[PDB]
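Report on the structure given below.
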Amino acid sequence: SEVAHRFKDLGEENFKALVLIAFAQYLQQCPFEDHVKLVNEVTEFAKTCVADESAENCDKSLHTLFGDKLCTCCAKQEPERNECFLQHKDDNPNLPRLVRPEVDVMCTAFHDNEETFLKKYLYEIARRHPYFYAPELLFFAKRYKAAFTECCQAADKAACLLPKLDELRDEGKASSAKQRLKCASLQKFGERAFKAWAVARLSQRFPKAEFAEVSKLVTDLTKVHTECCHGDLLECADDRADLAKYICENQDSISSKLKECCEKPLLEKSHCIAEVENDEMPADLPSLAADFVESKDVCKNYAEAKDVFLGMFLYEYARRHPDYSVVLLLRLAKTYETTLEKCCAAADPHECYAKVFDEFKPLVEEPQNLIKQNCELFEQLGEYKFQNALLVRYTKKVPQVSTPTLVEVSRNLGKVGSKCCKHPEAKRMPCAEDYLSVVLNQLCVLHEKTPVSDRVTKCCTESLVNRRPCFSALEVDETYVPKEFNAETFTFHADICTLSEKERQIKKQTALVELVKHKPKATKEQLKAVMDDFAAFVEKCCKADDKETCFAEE
Ligand SMILES: O=S(=O)(O)C(F)(F)C(F)(F)C(F)(F)C(F)(F)C(F)(F)C(F)(F)C(F)(F)C(F)(F)F
Ligand SMILES: O=S(=O)(O)C(F)(F)C(F)(F)C(F)(F)C(F)(F)C(F)(F)C(F)(F)C(F)(F)C(F)(F)F
């Protein structure tokens with residue numbers, strides 16, 4: 001009995017939560033209360049299974065049960081139904097932006113019913129983030145609960161809560177985006193791509209770890225994510241705990257940076273492990289040359305065990321390169337692979353695969369130079385203007401892309417600047433390029449829902465590893481027809497005056513996207529000249545005797 005097994009392994013609380021999450025991700029549009037009803041029925045049922053694993057319906061898969069419950073798609077049978085539920089996950093669901101009500105209202109609701117409030121949190125995130133790393137969402141719910149527990153008792157409920165909630169929202173969106181890439185990686189590119197990812201990350205993270213260890217953690221982590229991305233949240237959370245549990249029983253085989261996370265309560269622990277600092281690279285590790293370029297058996301060993309050897313390479317290269325983005329290490333490993341694929345078949349492989357690392361230069365240089373160039377641009381512009389720059393860039397690159405998406409991605413793109421450009425070069429590239437993988441992936445998923453740009457589609461369906469160079473390589477499509485100057489898109493409301501800094505940025509940014517859409521191939525100064533026109537008009541209308549009409553007159 002799986003639902004019992006999981007209920008047992010997860011405990012009711014996390015079971016409930018994961019089931020809610022699973023429901024809210026399966027039925028994003030469905031009301032909270034219909035989800036909790038389903039969850040309770042499932043939980044109630046799970047309990048009957050914990051008690052007798054032979055009770056009538058307890059041997060059914062989690063898929064059948066959730067899907068059966070969900071069905072209270074639905075016309076379909078398993079496993080086509082679960083596939084159906086998964087494919088209907090909506091990365092951009094038509095759901096009201098979660099509008100934070102005032103703290104006292106929230107704090108009242110939180111105290112009115114903590115679980116319901118906490119379940120409401122899960123539900124609202126999960127349904128908005130249908131790929132949200134479900135166990136991680138439990139961690140968020142815990143922190144959300146902790147926020148509300150403490151901050152609701154605070155003198156300044158808002159001043160306590162808001163920053164914390166802002167942190168969790170941000171962390172949430174980051175985690176969602178992040179997990180979204182795992183699911184996209186897994187689902188669009190397959191297990192191997194994810195495995196490659198994981199070998200690269202974990203090798204970087206756990207360079208002291210033996211390859212077999214990195215592999216074991218990779219197979220387990222992959223299994224975690226496959227399950228999570230597959231809406232198998234229960235297995236996923238459970239396998240995650242198992243993985244956290246494994247890692248923590250095996251820290252000395254994995255990382256010396258694990259001390260603190262492995263002491264951490266279950267949810268914190270996995271979260272902690274998932275983002276532990278890269279471990280110290282083992283001292284005096286040799287170059288990959290003897291094994292991967294220099295050996296005469298390279299061709300043989302690749303061929304004998306391709307993915308292992310490539311994994312060993314990726315492991316060996318990644319563990320040596322926490323200063324490389326995962327995608328880079330992935331690119332290098334793909335390059336290695338493909339070079340070996342041609343060298344091994346070439347007249348003298350030893351000869352030509354000895355040169356394999358020379359192909360690595362451009363691959364390594366490109367992100368570096370990109371990260372360096374764009375981060376100077378960032379340091380010149382700061383996050384916001386860096387966002388405006390990228391927003392224009394991307395709008396010009398892929399103008400068909402919905403502006404909200406454009407804005408969101410560009411903003412996020414620009415956020416990598418803030419996150420990464422602060423870092424010295426040694427931490428910039430993994431930070432930047434991997435966050436870039438996350439953000440582009442956003443662009444990718446957001447756009448996929450309503451594809452309107454063949455370039456985005458192209459760049460997103462192509463090698464995940466190469467997704468970023470692909471967008472980077474994109475230049476202005478002139479095959480894009482500017483949109484006529486709709487007033488409504490450039491006639492902001494007086495609500496702009498009341499907008500938070502961020503929201504007024506999103507708005508200028510939105511205008512900036514639209515303006516670029518209205519008139520692409522306009523240069524930065526001309527774009528600046530209407531952006532400044534807009535902001536002035538806004539400044540004017542915002543301080544006008546009557547705002548709403550001042551605004552109307554544009
Ligand atoms: O070079 S690639 O990244 O394209 C790659 F071939 F997929 C590879 F990453 F090297 C890889 F070998 F496939 C791998 F990603 F490492 C791997 F598939 F994960 C793997 F290492 F082979 C593995 F599947 F995990 C295995 F090692 F077999 F356990
Ligand atoms: O080259 S692109 O503009 O297409 C890009 F992929 F978005 C990008 F170059 F990575 C970029 F987003 F523009 C970018 F500026 F490089 C970046 F992604 F934001 C970035 F390079 F990561 C950055 F933000 F500049 C970074 F410097 F990495 F922080």
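How things are named: the first chain in the structure tokens is A, the next is B, and so on; residues count from 1 in each chain; ligands count from 1 in the order shown.
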
Which residues of region 171-237 of chain A come within 7 Å of region 274-287 of chain A, and for each one, what is the closest pair of atoms and their distance in Å to one decimal, counting only C-alpha atoms, sorted by chain and residue number, as a tab-separated table?
residue	atom	partner	partner_atom	distance
A:204	CA	A:278	CA	6.0
A:205	CA	A:278	CA	3.8
A:206	CA	A:279	CA	5.3
A:207	CA	A:281	CA	5.1
A:208	CA	A:282	CA	5.4

Could you dump the residues just selected with N, CA, C and O atoms as a PDB file, in the first residue's frame?
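Saved as again.pdb:
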ATOM      1  N   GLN A 204      30.145  19.407  -8.286  1.00  0.00           N
ATOM      2  CA  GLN A 204      30.603  20.709  -7.870  1.00  0.00           C
ATOM      3  C   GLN A 204      30.356  20.872  -6.394  1.00  0.00           C
ATOM      4  O   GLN A 204      31.157  21.449  -5.684  1.00  0.00           O
ATOM      5  N   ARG A 205      29.168  20.490  -5.967  1.00  0.00           N
ATOM      6  CA  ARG A 205      28.745  20.660  -4.612  1.00  0.00           C
ATOM      7  C   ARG A 205      29.509  19.752  -3.688  1.00  0.00           C
ATOM      8  O   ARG A 205      29.888  20.149  -2.597  1.00  0.00           O
ATOM      9  N   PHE A 206      29.726  18.521  -4.129  1.00  0.00           N
ATOM     10  CA  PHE A 206      30.271  17.511  -3.299  1.00  0.00           C
ATOM     11  C   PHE A 206      31.515  17.002  -4.020  1.00  0.00           C
ATOM     12  O   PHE A 206      31.601  15.786  -4.316  1.00  0.00           O
ATOM     13  N   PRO A 207      32.530  17.902  -4.252  1.00  0.00           N
ATOM     14  CA  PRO A 207      33.638  17.367  -5.045  1.00  0.00           C
ATOM     15  C   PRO A 207      34.449  16.307  -4.395  1.00  0.00           C
ATOM     16  O   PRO A 207      35.165  15.615  -5.098  1.00  0.00           O
ATOM     17  N   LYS A 208      34.383  16.212  -3.081  1.00  0.00           N
ATOM     18  CA  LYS A 208      35.120  15.215  -2.369  1.00  0.00           C
ATOM     19  C   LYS A 208      34.469  13.880  -2.583  1.00  0.00           C
ATOM     20  O   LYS A 208      35.112  12.861  -2.448  1.00  0.00           O
TER      21      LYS A 208
END

Could you give me the residues within 8 Å of ligand 2, counting only C-alpha atoms and all ligand atoms, as a PDB file with N, CA and C atoms, in the first residue's frame?
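The result, written out as pocket01.pdb:
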ATOM      1  N   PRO A 367      30.352  32.215 -21.687  1.00  0.00           N
ATOM      2  CA  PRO A 367      29.651  32.661 -20.503  1.00  0.00           C
ATOM      3  C   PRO A 367      30.467  33.684 -19.714  1.00  0.00           C
ATOM      4  N   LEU A 370      30.361  36.826 -21.404  1.00  0.00           N
ATOM      5  CA  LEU A 370      28.987  37.294 -21.335  1.00  0.00           C
ATOM      6  C   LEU A 370      28.661  37.752 -19.942  1.00  0.00           C
ATOM      7  N   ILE A 371      29.050  36.960 -18.956  1.00  0.00           N
ATOM      8  CA  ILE A 371      28.765  37.300 -17.597  1.00  0.00           C
ATOM      9  C   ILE A 371      29.549  38.536 -17.249  1.00  0.00           C
ATOM     10  N   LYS A 372      30.744  38.688 -17.824  1.00  0.00           N
ATOM     11  CA  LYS A 372      31.601  39.807 -17.451  1.00  0.00           C
ATOM     12  C   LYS A 372      31.079  41.052 -18.097  1.00  0.00           C
ATOM     13  N   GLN A 373      30.801  40.960 -19.395  1.00  0.00           N
ATOM     14  CA  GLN A 373      30.266  42.086 -20.148  1.00  0.00           C
ATOM     15  C   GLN A 373      28.915  42.578 -19.589  1.00  0.00           C
ATOM     16  N   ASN A 374      27.951  41.676 -19.519  1.00  0.00           N
ATOM     17  CA  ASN A 374      26.633  41.985 -18.961  1.00  0.00           C
ATOM     18  C   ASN A 374      26.611  42.425 -17.496  1.00  0.00           C
ATOM     19  N   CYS A 375      27.615  42.003 -16.735  1.00  0.00           N
ATOM     20  CA  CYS A 375      27.738  42.401 -15.342  1.00  0.00           C
ATOM     21  C   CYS A 375      28.407  43.765 -15.135  1.00  0.00           C
ATOM     22  N   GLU A 376      29.189  44.188 -16.117  1.00  0.00           N
ATOM     23  CA  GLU A 376      29.689  45.536 -16.154  1.00  0.00           C
ATOM     24  C   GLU A 376      28.484  46.385 -16.465  1.00  0.00           C
ATOM     25  N   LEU A 377      27.720  45.962 -17.467  1.00  0.00           N
ATOM     26  CA  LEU A 377      26.498  46.661 -17.858  1.00  0.00           C
ATOM     27  C   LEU A 377      25.583  46.783 -16.639  1.00  0.00           C
ATOM     28  N   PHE A 378      25.503  45.695 -15.878  1.00  0.00           N
ATOM     29  CA  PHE A 378      24.797  45.666 -14.631  1.00  0.00           C
ATOM     30  C   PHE A 378      25.360  46.649 -13.621  1.00  0.00           C
ATOM     31  N   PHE A 386      19.506  47.599 -15.489  1.00  0.00           N
ATOM     32  CA  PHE A 386      20.000  46.384 -16.101  1.00  0.00           C
ATOM     33  C   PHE A 386      18.833  45.574 -16.583  1.00  0.00           C
ATOM     34  N   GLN A 387      17.784  45.519 -15.780  1.00  0.00           N
ATOM     35  CA  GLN A 387      16.542  44.923 -16.242  1.00  0.00           C
ATOM     36  C   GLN A 387      15.991  45.644 -17.449  1.00  0.00           C
ATOM     37  N   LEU A 390      17.993  44.582 -20.483  1.00  0.00           N
ATOM     38  CA  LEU A 390      17.689  43.207 -20.874  1.00  0.00           C
ATOM     39  C   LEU A 390      16.284  43.110 -21.381  1.00  0.00           C
ATOM     40  N   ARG A 393      16.579  44.291 -24.767  1.00  0.00           N
ATOM     41  CA  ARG A 393      17.279  43.238 -25.470  1.00  0.00           C
ATOM     42  C   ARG A 393      16.355  42.064 -25.808  1.00  0.00           C
ATOM     43  N   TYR A 394      15.743  41.510 -24.784  1.00  0.00           N
ATOM     44  CA  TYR A 394      14.851  40.377 -24.989  1.00  0.00           C
ATOM     45  C   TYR A 394      13.613  40.745 -25.790  1.00  0.00           C
ATOM     46  N   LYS A 397      14.967  40.662 -29.072  1.00  0.00           N
ATOM     47  CA  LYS A 397      15.263  39.296 -29.411  1.00  0.00           C
ATOM     48  C   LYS A 397      14.045  38.480 -29.749  1.00  0.00           C
ATOM     49  N   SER A 410      12.904  39.274 -18.021  1.00  0.00           N
ATOM     50  CA  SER A 410      13.930  40.252 -18.049  1.00  0.00           C
ATOM     51  C   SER A 410      14.257  40.736 -16.632  1.00  0.00           C
ATOM     52  N   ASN A 412      13.786  39.142 -13.956  1.00  0.00           N
ATOM     53  CA  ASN A 412      14.472  38.059 -13.346  1.00  0.00           C
ATOM     54  C   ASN A 412      15.853  37.938 -13.901  1.00  0.00           C
ATOM     55  N   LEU A 413      15.980  38.088 -15.212  1.00  0.00           N
ATOM     56  CA  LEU A 413      17.258  38.051 -15.844  1.00  0.00           C
ATOM     57  C   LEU A 413      18.106  39.041 -15.131  1.00  0.00           C
ATOM     58  N   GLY A 414      17.593  40.247 -14.978  1.00  0.00           N
ATOM     59  CA  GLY A 414      18.368  41.305 -14.363  1.00  0.00           C
ATOM     60  C   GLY A 414      18.642  40.971 -12.926  1.00  0.00           C
ATOM     61  N   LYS A 415      17.769  40.176 -12.314  1.00  0.00           N
ATOM     62  CA  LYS A 415      18.001  39.820 -10.917  1.00  0.00           C
ATOM     63  C   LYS A 415      19.213  38.937 -10.778  1.00  0.00           C
ATOM     64  N   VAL A 416      19.580  38.222 -11.842  1.00  0.00           N
ATOM     65  CA  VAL A 416      20.755  37.360 -11.767  1.00  0.00           C
ATOM     66  C   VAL A 416      21.930  38.276 -11.599  1.00  0.00           C
ATOM     67  N   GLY A 417      21.806  39.452 -12.201  1.00  0.00           N
ATOM     68  CA  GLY A 417      22.872  40.436 -12.132  1.00  0.00           C
ATOM     69  C   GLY A 417      23.078  40.730 -10.679  1.00  0.00           C
ATOM     70  N   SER A 418      21.992  41.073 -10.007  1.00  0.00           N
ATOM     71  CA  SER A 418      22.106  41.445  -8.641  1.00  0.00           C
ATOM     72  C   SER A 418      22.644  40.273  -7.845  1.00  0.00           C
ATOM     73  N   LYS A 419      22.156  39.075  -8.132  1.00  0.00           N
ATOM     74  CA  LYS A 419      22.518  37.914  -7.347  1.00  0.00           C
ATOM     75  C   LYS A 419      23.991  37.554  -7.570  1.00  0.00           C
ATOM     76  N   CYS A 420      24.463  37.724  -8.801  1.00  0.00           N
ATOM     77  CA  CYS A 420      25.673  37.077  -9.256  1.00  0.00           C
ATOM     78  C   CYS A 420      26.795  38.025  -9.510  1.00  0.00           C
ATOM     79  N   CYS A 421      26.504  39.197 -10.069  1.00  0.00           N
ATOM     80  CA  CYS A 421      27.518  40.138 -10.418  1.00  0.00           C
ATOM     81  C   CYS A 421      28.230  40.668  -9.184  1.00  0.00           C
ATOM     82  N   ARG A 428      30.551  33.874  -9.885  1.00  0.00           N
ATOM     83  CA  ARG A 428      29.691  34.517 -10.842  1.00  0.00           C
ATOM     84  C   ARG A 428      29.098  33.550 -11.836  1.00  0.00           C
ATOM     85  N   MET A 429      29.911  32.716 -12.478  1.00  0.00           N
ATOM     86  CA  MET A 429      29.387  31.960 -13.581  1.00  0.00           C
ATOM     87  C   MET A 429      28.365  30.894 -13.205  1.00  0.00           C
ATOM     88  N   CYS A 431      26.547  30.820 -10.512  1.00  0.00           N
ATOM     89  CA  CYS A 431      25.471  31.681 -10.067  1.00  0.00           C
ATOM     90  C   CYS A 431      24.741  32.243 -11.220  1.00  0.00           C
ATOM     91  N   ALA A 432      25.467  32.911 -12.101  1.00  0.00           N
ATOM     92  CA  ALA A 432      24.773  33.614 -13.159  1.00  0.00           C
ATOM     93  C   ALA A 432      24.171  32.659 -14.157  1.00  0.00           C
ATOM     94  N   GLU A 433      24.994  31.746 -14.656  1.00  0.00           N
ATOM     95  CA  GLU A 433      24.554  30.975 -15.757  1.00  0.00           C
ATOM     96  C   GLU A 433      23.500  29.964 -15.363  1.00  0.00           C
ATOM     97  N   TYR A 435      21.334  30.404 -12.722  1.00  0.00           N
ATOM     98  CA  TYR A 435      20.153  31.202 -12.487  1.00  0.00           C
ATOM     99  C   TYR A 435      19.558  31.612 -13.823  1.00  0.00           C
ATOM    100  N   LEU A 436      20.414  31.813 -14.799  1.00  0.00           N
ATOM    101  CA  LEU A 436      20.019  32.083 -16.156  1.00  0.00           C
ATOM    102  C   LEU A 436      19.267  30.905 -16.754  1.00  0.00           C
ATOM    103  N   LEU A 440      15.543  31.588 -17.954  1.00  0.00           N
ATOM    104  CA  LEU A 440      15.213  31.323 -19.295  1.00  0.00           C
ATOM    105  C   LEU A 440      14.237  30.225 -19.368  1.00  0.00           C
ATOM    106  N   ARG A 468      20.544  29.100 -23.027  1.00  0.00           N
ATOM    107  CA  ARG A 468      21.081  30.409 -22.795  1.00  0.00           C
ATOM    108  C   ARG A 468      21.953  30.940 -23.940  1.00  0.00           C
ATOM    109  N   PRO A 469      22.940  30.138 -24.461  1.00  0.00           N
ATOM    110  CA  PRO A 469      23.636  30.692 -25.611  1.00  0.00           C
ATOM    111  C   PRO A 469      22.678  30.990 -26.751  1.00  0.00           C
ATOM    112  N   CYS A 470      21.642  30.180 -26.857  1.00  0.00           N
ATOM    113  CA  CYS A 470      20.702  30.315 -27.931  1.00  0.00           C
ATOM    114  C   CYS A 470      19.980  31.664 -27.799  1.00  0.00           C
ATOM    115  N   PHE A 471      19.580  32.037 -26.592  1.00  0.00           N
ATOM    116  CA  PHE A 471      18.893  33.300 -26.401  1.00  0.00           C
ATOM    117  C   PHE A 471      19.880  34.411 -26.524  1.00  0.00           C
ATOM    118  N   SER A 472      21.064  34.195 -25.965  1.00  0.00           N
ATOM    119  CA  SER A 472      22.168  35.125 -26.087  1.00  0.00           C
ATOM    120  C   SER A 472      22.435  35.388 -27.543  1.00  0.00           C
ATOM    121  N   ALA A 473      22.424  34.341 -28.359  1.00  0.00           N
ATOM    122  CA  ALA A 473      22.794  34.507 -29.783  1.00  0.00           C
ATOM    123  C   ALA A 473      21.711  35.255 -30.539  1.00  0.00           C
ATOM    124  N   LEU A 474      20.499  35.229 -30.025  1.00  0.00           N
ATOM    125  CA  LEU A 474      19.423  35.903 -30.679  1.00  0.00           C
ATOM    126  C   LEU A 474      19.648  37.377 -30.790  1.00  0.00           C
TER     127      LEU A 474
END

Open item on the list: Taking only C-alpha atoms and all ligand atoms and a cut-off of 9 Å, can you tell me which residues surround ligand 1, written as a VMD selection string?
Closed with: chain A and resid 191 to 200 211 to 212 214 to 216 218 to 219 222 305 to 315 327 329 to 338 465

Keeping C-alpha atoms, export the residues of the selection given above as an mmCIF file, in the first residue's frame.
data_model
loop_
_atom_site.group_PDB
_atom_site.id
_atom_site.type_symbol
_atom_site.label_atom_id
_atom_site.label_comp_id
_atom_site.auth_asym_id
_atom_site.auth_seq_id
_atom_site.Cartn_x
_atom_site.Cartn_y
_atom_site.Cartn_z
ATOM 1 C CA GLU A 191 16.427 11.806 -17.113
ATOM 2 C CA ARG A 192 19.927 11.727 -18.665
ATOM 3 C CA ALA A 193 19.944 15.493 -19.045
ATOM 4 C CA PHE A 194 18.833 15.864 -15.508
ATOM 5 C CA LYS A 195 21.280 13.228 -14.420
ATOM 6 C CA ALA A 196 23.987 15.120 -16.257
ATOM 7 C CA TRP A 197 22.797 18.221 -14.488
ATOM 8 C CA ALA A 198 22.790 16.507 -11.184
ATOM 9 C CA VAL A 199 26.174 14.898 -11.721
ATOM 10 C CA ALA A 200 27.507 18.336 -12.603
ATOM 11 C CA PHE A 211 31.921 9.265 -8.386
ATOM 12 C CA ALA A 212 29.832 6.377 -7.207
ATOM 13 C CA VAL A 214 27.836 11.447 -6.680
ATOM 14 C CA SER A 215 26.095 8.861 -8.862
ATOM 15 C CA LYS A 216 24.110 7.394 -6.094
ATOM 16 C CA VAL A 218 22.353 11.686 -8.554
ATOM 17 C CA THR A 219 20.145 8.641 -9.116
ATOM 18 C CA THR A 222 16.874 12.396 -10.011
ATOM 19 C CA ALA A 305 30.515 2.680 -20.741
ATOM 20 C CA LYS A 306 29.470 5.907 -22.452
ATOM 21 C CA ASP A 307 27.241 7.630 -19.974
ATOM 22 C CA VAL A 308 29.386 6.444 -17.042
ATOM 23 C CA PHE A 309 32.581 7.646 -18.616
ATOM 24 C CA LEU A 310 30.868 10.859 -19.585
ATOM 25 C CA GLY A 311 29.536 11.024 -16.058
ATOM 26 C CA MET A 312 32.987 10.377 -14.704
ATOM 27 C CA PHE A 313 34.218 13.110 -16.987
ATOM 28 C CA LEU A 314 31.434 15.437 -15.893
ATOM 29 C CA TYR A 315 31.923 14.464 -12.320
ATOM 30 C CA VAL A 327 25.340 24.353 -18.060
ATOM 31 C CA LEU A 329 30.104 21.813 -17.503
ATOM 32 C CA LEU A 330 27.211 20.273 -19.326
ATOM 33 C CA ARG A 331 28.250 21.949 -22.547
ATOM 34 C CA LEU A 332 31.845 20.903 -21.963
ATOM 35 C CA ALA A 333 30.731 17.358 -21.273
ATOM 36 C CA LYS A 334 28.479 17.389 -24.313
ATOM 37 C CA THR A 335 31.425 18.792 -26.262
ATOM 38 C CA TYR A 336 33.697 16.124 -24.860
ATOM 39 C CA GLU A 337 31.116 13.534 -25.719
ATOM 40 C CA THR A 338 30.622 14.732 -29.193
ATOM 41 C CA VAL A 465 22.388 23.326 -21.834
#

Open item on the list: as a count of residues only, please: the residues near residue 532 (chain A) (cut-off 12 Å, only C-alpha atoms, same-chain neighbours under 4 positions excluded).
Closed with: 15

Open item on the list: I'd like the contact shell of residue 363 (chain A) - 7 Å cut-off, only C-alpha atoms, skipping same-chain residues fewer than 2 positions apart - returned as a VMD selection string.
Closed with: chain A and resid 328 332 360 to 361 365 to 366

Please produce an output containing N, CA, C and O atoms for each residue in the selection, written as an mmCIF file, in the first residue's frame.
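Written output follows (part.cif):
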data_model
loop_
_atom_site.group_PDB
_atom_site.id
_atom_site.type_symbol
_atom_site.label_atom_id
_atom_site.label_comp_id
_atom_site.auth_asym_id
_atom_site.auth_seq_id
_atom_site.Cartn_x
_atom_site.Cartn_y
_atom_site.Cartn_z
ATOM 1 N N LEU A 328 27.627 25.025 -18.303
ATOM 2 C CA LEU A 328 28.905 25.045 -18.978
ATOM 3 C C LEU A 328 29.538 23.669 -18.925
ATOM 4 O O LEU A 328 30.050 23.170 -19.910
ATOM 5 N N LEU A 332 30.507 21.402 -21.764
ATOM 6 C CA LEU A 332 31.845 20.903 -21.963
ATOM 7 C C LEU A 332 31.740 19.405 -22.104
ATOM 8 O O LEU A 332 32.350 18.817 -23.008
ATOM 9 N N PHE A 360 37.039 23.413 -25.370
ATOM 10 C CA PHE A 360 36.454 23.915 -24.158
ATOM 11 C C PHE A 360 36.673 25.379 -23.956
ATOM 12 O O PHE A 360 35.835 26.026 -23.358
ATOM 13 N N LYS A 361 37.775 25.905 -24.475
ATOM 14 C CA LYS A 361 38.059 27.318 -24.340
ATOM 15 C C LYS A 361 36.851 28.157 -24.697
ATOM 16 O O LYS A 361 36.378 28.864 -23.851
ATOM 17 N N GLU A 365 34.746 30.511 -22.338
ATOM 18 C CA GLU A 365 34.968 31.930 -22.484
ATOM 19 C C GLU A 365 33.653 32.643 -22.645
ATOM 20 O O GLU A 365 33.460 33.724 -22.122
ATOM 21 N N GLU A 366 32.744 32.007 -23.359
ATOM 22 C CA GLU A 366 31.547 32.671 -23.791
ATOM 23 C C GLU A 366 30.686 33.127 -22.606
ATOM 24 O O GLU A 366 30.363 34.306 -22.501
#
